[PDB]
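Quick heads-up: it's one chain on its own, the form deposited in one PDB entry, in structure tokens.
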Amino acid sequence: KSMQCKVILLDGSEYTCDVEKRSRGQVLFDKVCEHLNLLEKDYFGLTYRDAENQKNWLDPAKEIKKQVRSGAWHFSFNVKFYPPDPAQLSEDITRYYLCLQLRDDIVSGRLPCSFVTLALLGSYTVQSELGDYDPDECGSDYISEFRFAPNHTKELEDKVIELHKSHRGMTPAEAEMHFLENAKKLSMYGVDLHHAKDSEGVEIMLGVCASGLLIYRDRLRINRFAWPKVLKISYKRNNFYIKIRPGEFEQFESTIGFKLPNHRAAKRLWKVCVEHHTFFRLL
């Protein structure tokens, strides 16, 4: 009567459970959040890979079986909605899971940042995980197992140690809050990037986030539409559309369109925009 599910958690461990063959995604998500003692679960979600090898969010309202065709019900637990101000979350654990996601976002290269910031972020991770710097625990070797960046240098390793020394007395909660104050201001913080083409076939990326819909060309942010200004989000076939009122007095409506690689891509973008629009209105 049941299906085994496997979920990769943010610390790299794996959660296994069984659900009924006709369960909605909510059943599995609730089990995972329970396992994690996670109360502020609306910021999080589960992703799977479809038959094209594309990442998709599992829709909690729909049967798992309609979404994951394969019986390989294998998911990843991730941050879905990155809070714009993590200090306003109710629980330290929520912030801890957010930090685990952000460390991965940094190490994988998905959240770029400056050497200076990488080193400061690292130093908070180290203070959180290891506590106070101490010569009798802290040899030259003591952080060779942390990854602080996509590419590791010794100049980075040395600056992390220097900044760690300065944090003496900081509790893990304070260290995590500083980590998050710094991360939340990074330009790509919480931005879900999608390949698309504009009206003149030029290759761009569209980024979905709490602030709005962002447009990049050549690693350069060239536009931004805040969600309150976005009046309609729709798709048709391989195309995604937003409706706005341009101009100083908003006297007319304009629909801007983007070409994605296929209907599935346009539908995924559309869904992730609509969910973000909704979430960050109600927040």
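When you see a residue number, it is the position in the sequence shown, counting from 1. Definition used throughout: the rigid core is the maximal C-alpha set that superposes within 1.5 Å between two forms.
Here the subject shifts to the form deposited with a small molecule bound, a form of this protein not shown in this document.
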Exercise for the section: Mark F258 yes when one of its heavy atoms lies within 4.5 Å of a heavy atom of the small molecule in the entry with it bound, and no otherwise. Expected result: no
Handout entry: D42 within 4.5 Å of the small molecule in the entry with it bound, heavy atoms
Key = yes
Practice task
Look up in the entry with it bound whether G131 has a non-hydrogen atom within 4.5 angstroms of the small molecule, and give yes or no.
Solution key: no
Fill in the blank from the handout: After rigid core alignment between the shown form and the other one, the listed option with CA shift of 2 Å or more out of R224, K62, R245, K55 is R245
Problem - Rigid core superposed: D92 CA moves 2 Å or more between the shown form and the other one - result: no
Handout entry: Yes/no, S140 Cα shift of 2 Å or more between the shown form and the other one with rigid core fixed
Key = yes
